Structure formats: C-alpha cells, structure tokens
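# Secondary and tertiary structure notes
The residues making up each chain are set out below.
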Amino acid sequence: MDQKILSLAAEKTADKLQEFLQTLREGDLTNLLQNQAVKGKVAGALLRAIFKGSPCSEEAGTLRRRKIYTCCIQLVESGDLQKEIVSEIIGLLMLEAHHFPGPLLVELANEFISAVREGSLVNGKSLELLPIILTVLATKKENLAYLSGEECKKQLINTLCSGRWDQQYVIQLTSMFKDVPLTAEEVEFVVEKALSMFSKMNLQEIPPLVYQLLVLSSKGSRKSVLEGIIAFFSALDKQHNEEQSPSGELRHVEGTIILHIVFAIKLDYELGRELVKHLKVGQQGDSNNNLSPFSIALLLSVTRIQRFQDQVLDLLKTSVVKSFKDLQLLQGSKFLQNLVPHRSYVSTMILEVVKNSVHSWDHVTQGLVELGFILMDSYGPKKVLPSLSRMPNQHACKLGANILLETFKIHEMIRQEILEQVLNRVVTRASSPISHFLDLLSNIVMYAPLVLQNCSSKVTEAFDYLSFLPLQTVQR
Amino acid sequence: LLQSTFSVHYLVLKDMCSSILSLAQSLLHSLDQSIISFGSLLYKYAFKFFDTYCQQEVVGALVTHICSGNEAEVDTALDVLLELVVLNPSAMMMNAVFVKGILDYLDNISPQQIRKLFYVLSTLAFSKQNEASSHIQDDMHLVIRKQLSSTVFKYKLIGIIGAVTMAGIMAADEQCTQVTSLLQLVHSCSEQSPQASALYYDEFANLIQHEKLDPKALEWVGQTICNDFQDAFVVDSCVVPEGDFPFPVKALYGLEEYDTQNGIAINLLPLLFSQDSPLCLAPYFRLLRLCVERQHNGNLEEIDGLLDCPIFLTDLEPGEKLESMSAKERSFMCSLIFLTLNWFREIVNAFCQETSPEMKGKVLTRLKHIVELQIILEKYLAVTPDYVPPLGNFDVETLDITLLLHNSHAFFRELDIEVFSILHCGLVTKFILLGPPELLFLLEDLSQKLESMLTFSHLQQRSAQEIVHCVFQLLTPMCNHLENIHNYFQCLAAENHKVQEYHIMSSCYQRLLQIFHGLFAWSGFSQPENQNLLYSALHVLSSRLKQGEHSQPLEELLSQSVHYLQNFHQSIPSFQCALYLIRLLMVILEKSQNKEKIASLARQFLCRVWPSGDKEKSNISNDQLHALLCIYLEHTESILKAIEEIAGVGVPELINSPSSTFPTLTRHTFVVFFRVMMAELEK
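Per-chain numbering applies: from 1 upward along each written sequence, possibly unlike the entry's numbering, with residues missing coordinates excluded. As they are written, the chains are lettered A onward and the ligands numbered 1 onward, keeping that order. A larger assembly contains the chains displayed, and the values given here are confined to that displayed part. The basis for the side-chain values is all heavy atoms of the structure; hydrogens and waters are excluded.

This deposited entry lists cryo-EM as its structure determination method and 3.3 Å as its resolution.

So, in structure tokens, the structure goes:
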C-alpha cells in the first residue's frame with residue numbers, strides 16, 4: 001500500500017498525490033500504525049509525501065494534516081516506538097507546523113492543554129511540539145476572533161498555567177517555556193504555578209525544577225524564584241525543627257539548590273544583586289524573617305564568588321550586631337516581653353548552619369571562617385589596652401569565637417587555617433589587645449589537643465617568634 | 001618557565017589551586033594576547049597537575065567564561081576545552097554536566113564559536129566508555145531540532161552548523177541511520193530557505209575537505225547528490241527549452257572542441273526566471289567535486305563534461321540596447337553573470353591540479369572566460385551600482401552579511417591555494433612575442449590572501465607557516481621565470497622606444513613585488529626555525545645569475561640575491577612598484593656598512609624620471625613619496641647636509657623646470673618633500 005505512494009512521490013508534486021488524495025478518503029490512522037509497525041523510515045518518507053501532496057492553500061489537505069497530526073501526537077506517546085522514528089516524527093511535525101490558518105493551530109494547542117489537564121500523557125514527548133505552535137501563533141498575523149495570534153498565546157498560556165498541572169509534567173512544562181518568547185506577565189504566571197506545585201512533589205524532583213526555573217528567570221522574574229525557594233525551604237526547616245521538638249535527604253537537597261543558585265549567579269551577576277537586596281537587614285534597622293538557616297547558608301556559599309565576598313560578609317556582620325541590640329531591648333523591659341512572641345535570632349540560626357554543615361557543605365564552611373574572623377577582628381576589644389559600644393560588640397566577638405570553635409570541631413580541614421590564622425594574630429599584633437584570640441586558642445586546645453596532634457607544626461613555628469613578644473603575651 | 005614551574009613543583013603548588021585560578025581568571029579578562037595565552041596555560045596546567053576537585057573548579061570556570069564571556073575570552077576558553085578533551089577526556093566527562101549546560105546560554109555565542117562548541121560537546125559525547133550518560137546527545141538533538149524548526153535564519157544556521165558538526169564527529173550502521181536522518185532533516189528545513197540550503201552545502205563540503213570519515217554516509221548522500229544535480233541543472237543540449245522568455249536563450253560559453261548536438265548543458269535562466277535552487281549551483285558543485293575526489297582519488301572521469309559543457313544563458317553581448325532596462329531583469333542579468341562566474345571559479349578551482357596539457361588548455365580558456373565575464377559584469381555594474389545581487393560565501397561571509405573590492409573578496413567563491421599551480425607554465429606575450437589579465441587575476445588574489453593571512457574561510461584552516469611554505473614552492477622558482485620574462489619584455493619595450501597590455505603587465509609587476517614584500521616581511525623568519533627556508537629561498541634567487549656556489553655563508557647568499565634583484569630597477573615603470581622593491585630590499589638586508597647599498601639605490605630611484613603619464617604621476621601620491629624620502633633621508637650619513645642638498649636644489653626647482661634637476665620635484669611634490677625633510681630633521 002505504501003510503495004505506490006513512494007512511486008507517486010518519486011517524480012513530481014501536485015499532479016497525482018492531490019488526485020490520489022481524493023481516491024483514499026479514510027484510514028490514514030491504520031496506515032501509519034502498520035507503517036510504524038514495519039519501518040519508521042517509510043513513515044518519514046510517507047509523511048513528507050503527504051505534506052508535499054497536501055499543500056495548505058487548498059483546504060482538503062489541511063484536514064488530512066490535522067487528522068495525521070492527532071494520529072502522530074497520540075502514537076508518539078502511547079505507541080512504544082524506537083527512538084529514531086520518534087525523533088523523525090517530532091522533527092517533521094515541528095518543521096511543518098508553520099503552514100496553517102489560525103484556528104487549526106489554536107485547536108491543536110487546546111488539544112494539548114485538554115490532554116495535560118486530564119489526558120494521560122504516557123511519556124510527554126509530544127510536548128516538544130507545543131512551544132513551536134505557540135511560537136507560530138506569535139507570528140501568525142492572520143486575524144482570529146473570540147484577536148491577534150499573540151493574544152491567543154496570552155489566553156492559552158493563562159488557560160494552561162491557571163489549569164491543574166500533573167505532578168509528572170512540571171519539569172517538562174517549565175523546560176518547554178524556555179523557547180517561547182515571553183514577556184514578564186506570562187513568565188511570572190509560569191513560575192508562580194511551578195512554585196505552587198512544589199509541595200506536591202518528591203524532594204529530589206525540586207533541584208532540576210529549580211534549575212529550569214533559574215535559566216528561565218533570565219527573562220523577567222528573579223525575585224519570584226529566589227523568594228519562592230527561600231520561602232519553601234525555610235518552611236521545611238521550621239517544620240523539621242518543630243517535629244524534632246527525611247536529614248541527609250533535606251541537606252543533600254539544600255546542598256544542590258545552593259550550588260544551582262551560586263552557578264547561576266556566576267553566569268548571571270544580577271541574580272546575585274537581587275539575592276542581596278532581598279535579604280539585606282539594614283533597610284533602616286529591622287531584622288527580617290527572610291533570614292533562616294537556608295537563606296544564610298546560601299549567603300555563605302556566595303562569598304566564594306569574588307565580587308560578592310565583601311558585600312555578603314558585611315551583610316552578615318550587621319545582621320548579627322542588629323540582632324543583639326534588639327535582644328537587649330527586650331530583656332531589659334517587661335512591657336516588650338508581654339507583646340512580642342519569642343523570635344529566633346540570627347545567632348541561633350548561624351549556630352544551626354554550623355551543625356547542618358557537617359555532611360557535605362564544604363562550600364559554605366570557608367565562609368563561616370571568614371565571618372568568624374570578621375566578627376572577632378572587628379568587634380574585639382580595644383577600649384581596654386557603656387552598653388552599646390561594649391555588649392553587642394562583646395556578644396559578636398563571642399559569636400565569632402563560637403563559630404570558629406564549632407567549625408573547628410567537625411571540619412577536619414579548616415583546622416590548619418583557623419589555628420594558623422589565630423596564631424598569626426597573637427604573634428604579630430601584640431600592641432592591640434588580643435585576649436579574645438588567646439581565649440579562642442585556649443578553647444581550641446582545651447577542647448581536643450588529641451585533634452591538634454594533626455595540626456601541630458603550626459604551633460611550633462610560633463615558638464620561634466617567642467623572643468620578640470612582650471612577656472604577658474608569652475605567659476598567656 | 002611556567003611549564004617547568006608546574007612540571008617540577010606541582011606538590012608545592014597543589015595546596016594553592018584557588019589562588020592560581022583567581023589569577024588565571026584575571027589574565028583572561030585583559031587584552032594583549034600574550035597575557036591571555038598565559039592565563040590559558042594556567043588553566044591548562046591547573047587542570048592537568050592538580051586533583052579532581054581543582055579539575056571541577058577549572059571546568060566550572062571556563063564554562064563561566066564561555067557563557068558570560070566576551071569574544072576573545074570565549075574563544076580562548078573553547079580552545080582550552082578542546083585541549084582538555086584531547087588531553088584527558090575521562091576526567092572531563094565527570095564534569096560533562098557543566099559543559100552540557102552551556103546549551104541553555106547560546107545567545108551570547110557567535111557561530112564561529114558554535115562550531116567549536118559542538119565540536120567539544122560531540123567529542124565528549126561519542127566515546128563509548130560513558131554511553132550511560134548519553135543525556136548530552138538528547139539535549140544536543142533537542143536544541144538542534146528546536147533551532148532547525150524555526151523561520152528565523154539566525155537560529156536555523158545554529159541548527160545547521162551544530163547538525164553537520166555532530167554528523168562529522170559521529171563519522172569516524174545505526175550511527176549512519178542517525179547521520180542520514182539528521183542531514184535529511186537539515187535538508188528538509190533548508191529547502192523551502194535558499195541561503196539555508198547553500199549554508200548546508202558549503203559547511204558539509206568544508207567538513208569533507210578538512211576531515212575526509214568512514215564513507216558510508218558519504219556514499220549514502222552522493223547517490224542522491226549526483227542524481228539531484230544531473231536532473232536539477234543538467235539538461236540535454238536543446239537550444240530553446242519551454243517557458244516564456246524575453247531573451248534569446250542559447251548554449252553560450254561552450255569550449256567548442258565539444259560537439260554542439262550533444263548532451264550536457266547547464267540550466268540557469270529558466271531556473272532563476274521560474275524563481276521570479278540556482279543559488280546553490282556553486283556550493284553544490286563544490287560538494288560534488290569533493291566527494292568525487294574522495295571517491296576516485298582526484299579522478300573526475302564523469303565530471304569532465306561539467307568542465308566544457310555550454311551554459312543555457314541569454315545573449316551576454318554588452319547590452320547597450322538593453323538600456324533605459326534597469327528593471328528587475330537587470331538584476332536577473334547581473335546575478336546571472338555573477339552565478340556563472342562563481343560556477344566558473346569552482347571549475348578552475350576543481351581542475352587546476354590535473355596535469356593533462358589539453359585539460360590545462362581547457363582550464364586556461366575557463367580563466368579567460370572568467371575575466372571576460374568580470375569586465376562584462378563590471379560594465380553591467382557601471383550601468384547600476386544599487387542593484388546588489390546579494391550572494392555572499394555561505395560558510396562565514398553570508399552569516400556576516402545576514403564596490404568591486406567588496407564583491408571581489410566577499411561575494412565570489414574563494415580560490416584555493418593550489419589554483420596558483422597553473423603558473424608553473426610560462427607566460428606568452430601577444431604584443432612583442434596565458435594572457436596578462438589571466439596573470440593579473442591570480443596575483444590580485446594572492447596579494448589579498450597574503451595581506452589577510454600574514455599581517456577568507458578555506459584559507460584560514462591552513463597555518464600561515466604551511467601557506468608561506470607552499471608559496472616558496474608554488475611562487476618563487478616558478479614565477480621567477482615569469483619575472484625574468486617580464487624583465488625581457490620591458491627590456492624589449494625600452495629598446496624599441498596596445499597600451500592596455502603594458503598597463504596590465506605593470507599592475508602584474510606591482511602585485512608581484514607586493515607579494516614579495518608580504519613574503520619576505522614574514523615575522524616567522526624572525527624565529528629560528530624558518531631560516532633554513534631562507535637558505536632555500538634566497539639561494540634560488542642567487543641561482544638566477546649563476547649556479548655552482550652551493551653551501552654558502554648567509555651574507556654571501558644575501559649579496560648574490562640582492563645583486564640579482566637590484567638590476568630590475570632599470571625596468572620599473574611606476575612609483576609604487578619601486579617603493580615595494582626597495583622596501584623588499586630593506587626587509588631582506590636586515591638579516592645581515594649596509595646603509596650604502598640602500599641609500600645609493602634610493603638615490604637611483606630618486607634621480608630616476610618616473611615618467612609623466614597622467615595616471616602614472618597620479619600614482620605619485622603623498623604617502624608613497626613620504627615613505628620613500630624618509631628611507632633615503634634616514635639612510636644618508638649627513639642628514640642635515642642632505643637637507644642643504646635638497647634646499648640647495650629646492651631653490652632651482654623654480655629656475656630650471658617648473659620636474660627639476662632632482663626629479664619628483666613639482667609644485668605639488670614640495671608638500672611631501674618639505675614634510676619628509678623636516679620630519680627626518682625632527683627624528
């Protein structure tokens with residue numbers, strides 16, 4: 001049955017295939033079913049033969065084109081083919097989907113939407129067709145009425161994003177939308193629907209959905225994606241804290257959302273400014289409830305991009321001094337204790353980050369050390385060589401040391417970098433007060449000198465500087 | 001130093017990966033390519049010597065270069081990636097995800113880089129040791145298929161280039177099914193734009209000539225290419241075909257050894273009239289040529305008909321009666337002559353290398369046909385400058401796009417280097433007793449190749465060293481005969497004392513010396529590898545007077561060679577060619593007291609007439625005189641006393657001849673003379 005079609009297709013166009021098309025009127029479904037049953041190359045040959053034998057100026061061929069589209073769209077998912085014929089089918093449809101009027105492409109898009117609502121998309125490989133069609137609706141300036149084709153695109157997108165999405169087709173539905181030329185409103189609809197769809201998924205199918213969301217961010221909507229993922233993982237961290245009152249699942253998830261945002265900030269140096277703006281505390285004074293052990297881990301991972309490093313540390317530094325001002329106001333007054341329900345402070349969050357960091361987060365830990373030593377180097381004493389100049393500086397400098405001592409206990413590779421950096425401050429300054437480093441160095445030793453016989457040579461190189469120190473420093 | 005540093009002390013360095021990479025990254029953001037080269041080397045060694053974490057940080061960083069990027073940094077990072085996939089593809093596959101993810105950021109990238117990118121990605125992809133992560137094939141196929149299936153040509157070219165490049169890498173039967181399906185998809189998406197099909201044909205042809213692969217996809221396509229060509233353009237030699245034409249259609253530009261009442265003739269005018277498929281004639285022939293050269297190993301036994309077959313064209317008489325029609329049919333004619341020229345260029349590009357003397361005669365007739373068409377086409381362009389037949393070369397020039405010098409290099413098909421194998425054969429002279437403009441064509445090409453290469457697609461995939469290496473063979477000991485024949489010609493013309501013969505041979509001379517300058521001003525001679533070639537090259541220049549003095553010291557060969565070349569200074573017709581000769585002598589004699597030869601010779605050129613033809617004295621322009629007089633005034637020992645010589649003869653300029661007792665002295669020339677006088681005074 002197919003060989004005569006090839007022989008008619010061999011020589012010339014529009015002289016026998018149109019005339020032959022008004023011979024065989026029905027049964028193109030079963031034709032392609034037996035064709036994919038026998039050989040897919042013959043299916044591509046026949047597809048080209050029909051598409052050249054059915055131009056889109058005349059209207060008899062357009063109906064065969066629609067029917068054969070529905071046939072191939074159904075069998076590409078439901079029909080378990082080999083991969084090469086699948087690629088050939090999708091390429092052929094994607095190519096030939098320009099030559100149409102409006103309403104045929106519109107009802108095709110409606111068929112896609114009506115399928116993805118209810119209709120069991122067995123794989124969802126048909127979806128690759130979908131953005132081409134919407135792209136064609138973008139450029140089809142032949143008028144419709146219900147409109148411009150772009151307005152039909154707006155309506156179809158709104159109908160798609162507003163309607164229910166299946167759990168299995170949120171990655172593919174987002175990856176699809178990378179290739180449609182969208183404005184701000186359409187992409188905000190898409191990210192909003194996708195972020196809404198986070199709670200109804202496996203955790204392990206959130207990282208790749210975030211990846212697509214980040215690449216797709218680059219058009220309009222960066223704030224919405226960052227706000228969305230910080231918010232969602234802040235909520236999960238809090239629910240885990242209340243249940244303690246999945247963890248190597250949850251941590252290996254935030255340990256790949258953080259790398260996705262960091263890599264995306266390297267490729268895109270405006271997602272970083274949006275992340276800093278969105279978590280800066282010092283708006284005027286007030287500490288925001290956007291800071292959490294998620295959203296701080298992510299600031300410590302971004303300090304290893306060299307443009308952000310000072311900017312992100314000065315943020316965390318003020319974020320910690322402000323907290324301690326606030327806490328002193330409450331503890332000094334009952335009137336404020338009655339009203340305000342007990343808030344977690346940045347101190348407790350940072351010390352939670354340090355607990356969380358044990359597993360695999362080494363990206364984050366080299367920025368905890370830098371925050372530690374910024375807090376101690378900046379807020380440590382000088383006034384001996386008042387409340388506000390002393391006690392929220394005394395309390396930062398002891399958070400610093402707590403950060404470095406807790407970081408020093410569990411991260412066995414930032415020992416010879418803390419303990420050579422504490423020493424290099426004890427030896428070399430010796431005019432400025434360095435009690436706070438000696439305290440930290442006593443704490444570090446006293447905790448475990450068993451874990452300092454693996455970082456000992458950094459001590460015995462400071463014994464050679466011992467002659468030139470003042471005496472009180474030597475005794476201490 | 002950096003190589004030794006890392007290769008010895010990669011235990012001292014290991015613990016400071018991150019700072020090195022902070023440094024590397026800062027020496028790609030610069031200009032000054034020695035810096036960028038250094039940064040590139042940092043990234044390469046960091047990757048090579050350190051452990052698997054620093055590899056990962058390195059790949060990350062290059063990826064970040066590529067995606068965020070600016071052009072040179074992107075190019076350098078792609079070059080590094082090629083070196084890293086060549087060096088250790090095992091450890092680069094574990095960092096394949098970052099590389100795959102570049103496909104999400106292809107808007108920054110330009111299609112010269114895209115060929116490299118898809119080279120990298122496919123070179124990673126088609127190693128059978130990590131088939132389990134075949135994810136990058138799926139993502140490559142997706143982006144190919146999404147680009148290809150787009151009306152916008154800017155995306156379609158990406159698709160085509162990535163597609164044929166993928167095809168080339170997976171060509172070292174399922175793979176062959178993939179290649180054929182992919183290429184048929186490209187064909188299908190290209191057919192319905194002409195320039196897309198053209199780009200397909202061009203890039204596929206380039207893929208063949210650079211990388212030969214297993215000829216299974218090639219024999220697959222070639223049975224379609226030959227059949228499609230032999231029914232698309234090849235017509236039986238019937239004088240008038242069907243169709244309504246307001247033009248006497250004949251079978252023109254046949255070689256006439258051919259029997260008229262025969263087969264093969266090439267349809268142009270019914271094609272382009274039916275359009276208003278022809279635009280691919282040249283690249284399609286290139287493809288045909290290259291595949292049959294790969295099949296039959298340089299034999300064109302079934303394509304010799306293509307060499308001599310007439311062309312179904314209108315009457316290409318100079319259409320002075322076809323004036324006042326500057327309508328679209330004028331564009332039809334201009335484009336027609338254009339298309340057939342590109343056709344012709346591909347033929348002479350194709351059959352130059354063949355050694356059969358009658359075949360060389362056919363080729364030469366083709367060249368004279370080319371130049372006749374060129375002068376006719378320039379006549380037709382002199383009618384209208386506005387009617388562009390916009391058809392660039394499709395690999396590089398057309399995507400750059402999407403008067404005679406622009407179309408001369410940018411529009412026509414590009415000649416190969418082996419086209420200059422023709423002029424092994426010796427010139428014949430028509431007036432005194434291969435024509436003069438059949439020598440001007442080749443040399444006007446070769447000058448533009450050399451200036452672009454040493455200070456244009458198919459050329460630049462050869463290294464400059466190999467270019468000059470074959471020039472040494474394919475110019476000097478072959479064109480020396482033509483040079484000496486030119487000397488003999490101008491000697492006979494000087495002893496005897498139409499005009500266009502001498503005029504062409506003058507420009508031929510000018511271009512020969514400009515080629516010489518470009519060759520002997522080659523900075524690769526500064527490097528200690530290429531002087532053995534000078535011990536070849538100038539030895540042959542020495543051999544044009546006397547042989548027998550083999551294995552000579554350097555300055556002896558120099559002296560003999562300049563002693564050979566100097567004597568042409570009697571036969572120099574114009575100013576610019578003299579300037580090029582003396583500058584040639586300048587730049588060859590710096591390989592060796594010396595100022596005496598140049599200054600005397602500069603004086604010889606300065607006391608020479610350089611005769612007072614109107615366009616000839618127009619060829620004495622301000623900058624040329626300025627440069628020449630700077631050379632003379634610098635190489636004289638008494639510069640200020642020489643200023644007294646010029647001012648001492650600068651006063652009798654007005655008293656003898658308004659053109660002096662020191663020639664090159666008019667009222668107009670005194671601007672240049674004064675400028676150079678006090679310029680060298682300043683220096």
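So, about the overall build of chain A. Helix and strand assignments follow DSSP, with helices taken as H or I runs no shorter than four residues and strands as E runs no shorter than two, numbered in order from the N terminus. Helix and strand counts for chain A stand at 24 helices and zero strands. Only C-alpha atoms enter the radius of gyration; for comparison, a globular chain is expected to reach 2.2 Å times N to the power 0.38, where N is the number of residues. Expected size for 476 residues packed as a compact globule is a radius of gyration near 23 Å; at 32 Å, chain A overshoots this value by more than 25%. Each principal axis of the C-alpha distribution contributes one length, and for chain A these read about 110 × 55 × 40 Å. When each of the 476 residues of chain A is scored for burial, the buried share is 49%. The Shrake-Rupley method, run with a 1.4 Å probe sphere, supplies the accessible areas, and residue values consider only the shown protein chains as cover. Surface exposure of chain A reaches about 23000 Å², of which carbon and sulfur atoms provide 54%. Accessible area is worked out with a 1.4 Å probe on protein chains only. A residue is then buried under 20% of its type maximum, exposed over 50%, and partly exposed in between.

Another point: a positive patch on the surface. Think of a patch as exposed residues, more than 30% relative accessible area, with no salt bridge, where like charges cluster within 9 Å and nonpolar side chains (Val, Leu, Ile, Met, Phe, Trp, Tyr) cluster within 5 Å. Salt bridges are counted wherever a side-chain nitrogen of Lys or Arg sits within 4 Å of a carboxyl oxygen of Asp or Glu. Here the positive residues are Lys and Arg and the negative ones are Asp and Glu; neither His nor the chain ends is included. Charge placement uses NZ in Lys and CZ in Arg. For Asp and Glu, CG and CD serve respectively. A contiguous patch of positive charge, built from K223, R273, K277, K280 and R307 of chain A, is present on the exposed surface. Inspection of the secondary structure assignment puts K277 of chain A in helix α15 (residues 271-279).

Residue and element names in this part refer to chain A. Along the chain, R251 falls in helix α14 (residues 250-267). At a separation of 3.3 Å, a polar atom in the side chain of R251 contacts the side chain of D237. Ignoring sequence-local partners within four residues, the contact set of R251 consists of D237, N356, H359 and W361. In protein, a polar contact requires one atom able to donate a hydrogen and another able to accept it; more generally it is a pair of N or O atoms within 3.5 Å, and residues adjacent in sequence count only if both atoms are side-chain atoms. Contact definition: two residues touch when any of their heavy atoms are within 4.5 Å.

Moving on, we get to the packing of helix α1 (residues 3-11) of chain A against helix α4 (residues 40-53) of chain A. Residue and element names in this part refer to chain A. As a packed pair, α1 and α4 sit with axes 10 Å apart at the nearest point and diverge in direction by 55°. By the criterion of interaxial angle, the relationship of α1 to α4 is oblique. Relative to α4, the crossing made by α1 is left-handed. Residue-level contacts link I5, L6 and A9 of α1 to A45, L46, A49 and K52 of α4. The residue inventory of the contact of α1 with α4, partitioned by class, reads six nonpolar, no polar and one charged. All axes are obtained by fitting lines to C-alpha atoms, using only the stretch in contact for helices, and the reported angles, taken between N-to-C directions, cover 0 to 180 degrees. To sort the angles, those under 35 degrees are grouped as roughly parallel, those over 145 as roughly antiparallel, those from 65 to 115 as roughly perpendicular, and the leftovers as oblique. Two helices cross in a left-handed way if the nearer one is turned anticlockwise from the farther one by less than a right angle. They cross in a right-handed way if the turn is clockwise. Throughout this entry, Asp, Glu, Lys and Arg are counted as charged residues, while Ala, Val, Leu, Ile, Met, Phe, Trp, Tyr, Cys and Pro are counted as nonpolar. The remaining residues, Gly among them, count as polar.

So, about the sheet that holds strand β4 (residues 311-313) of chain B. As a general point, the strands of a sheet are linked pairwise by backbone hydrogen bonds and lie either parallel or antiparallel. All names here are of chain B. The strand order β1-β3-β4-β2 describes an open sheet built from four strands, whose pairing is mixed. Every other strand in the sheet has two partners, leaving β1 (234-236) and β2 (250-252) as the edge strands with one partner each. Adjacent strand axes in the sheet meet at a mean angle of 50° when their direction is disregarded. Only when DSSP finds a minimum of two bridges between them are two strands counted as paired. Where strand β3 (residues 264-267) lies against β4, two bridges are found, and the strand directions are parallel. Residue pairing across strands places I266 opposite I311, the latter belonging to β4.

Our next topic: the interface of chain B and chain A. Facing the 22 residues of chain B at the interface are 19 residues of chain A. Buried area is a sum: the accessible area each of two parts loses on coming together, probed at 1.4 Å, counted once for each and added. With both sides pooled, the region where chain B packs onto chain A buries about 1900 Å², and carbon together with sulfur makes up 57% of that total. Ranking the residues of chain B by area buried against chain A places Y105, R145 and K146 of chain B at the top, with a combined share of 29%. Along the contact surface separating chain B from chain A lie three salt bridges. The salt bridge partner of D104 of chain B is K178 of chain A, with a shortest N-O separation of 3.0 Å. One can count six residue pairs in polar contact joining chain B with chain A. Breaking the side of chain B that touches chain A down by element, the ones donating at least two residues are α4 (52-67), α9 (135-148) and α11 (174-191) of chain B.

Moving on: the packing of helix α31 (residues 622-635) of chain B against helix α33 (residues 669-682) of chain B. Angle between the axes and distance between the axes: these two values describe a pair of packed helices. All names here are of chain B. Contact geometry for α31 and α33: axes closest at 9 Å, N-to-C directions at 35°. In this structure, the crossing between α31 and α33 has a hand that is right-handed. The segment α31 lies against α33, with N622, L625, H626, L629, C630, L633 and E634 engaging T669, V672, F673, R675, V676, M677 and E680. Per-class residue counts for the contact of α31 with α33 are eight nonpolar, three polar and three charged.

Residues and elements named next belong to chain B. Along the chain, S660 turns up in the loop between α32 (639-650) and α33. Here the side chain of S660 touches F662 through a polar contact of 3.4 Å, landing on its backbone nitrogen. Residues contacting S660, with those up to four places away along its chain left out, are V649, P652, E653 and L665.

For the rest of this paragraph, the subject is the environment of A198 of chain B. Residues and elements named next belong to chain B. Within the secondary structure, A198 sits in helix α12 (residues 194-210). What makes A198 buried here is its relative accessible area of 0%. Discounting residues that sit within four places of it in the chain, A198 has contacts with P283 and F394.

With that settled, consider a negative patch on the surface. Residues and elements named next belong to chain A. A contiguous patch of negative charge, built from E185, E188, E192 and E227, is present on the exposed surface. Summarising the element assignment, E227 is placed in helix α13 (residues 222-244). By relative accessible area, which is 44% here, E227 ends up partly exposed.

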